[PDB]
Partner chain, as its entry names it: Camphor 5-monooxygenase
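Below you'll find only one chain, the form deposited without the partner chain, shown as structure tokens.
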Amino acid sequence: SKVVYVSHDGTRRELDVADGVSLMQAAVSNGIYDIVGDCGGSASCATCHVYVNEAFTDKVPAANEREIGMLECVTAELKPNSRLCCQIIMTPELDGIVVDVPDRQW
């Protein structure tokens, strides 16, 4: 799947994430996950605070109730379609997904 990561400084990094892989898995491989995953990707923290283009949020597997509670624990401003990276599974059909990462993810 074509995955685009929009950093805070504006630098964009695009990777290929295979089916069943989490945007978090491909990030650690392209040097993008340097967000110090607290739960280590076990979906138990809010360090993976990112913004998924509202166009893939209602398409990729609806975030689980564990993310909603961790989403209220983020350090930056939440968005109506705000999402995390360790609870989303990429797929070829959803290729073109745009992920927006802020300057405050803690």
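Residue numbers count along the first chain shown, from 1.
We do not show the form solved in complex with the partner chain, though everything after this point is about it.
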- Message: When the contact criterion is heavy atoms within 4.5 Å, does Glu54 count as touching the partner chain in the deposited bound form?
- Response: no
- Heavy atom to heavy atom, is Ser44 within 4.5 Å of the partner chain in the deposited bound form? yes
- Message: Would you classify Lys59 as touching the partner chain in the deposited bound form, given a 4.5 Å non-hydrogen atom cut-off?
- Response: no
- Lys79: touches the partner chain in the deposited bound form, heavy atom cutoff 4.5 angstroms: no
- Query: Hey, which residues along 53 to 78 are within 4.5 angstroms of the partner chain in the deposited bound form, non-hydrogen atoms only?
  - Reply: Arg66, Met70, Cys73
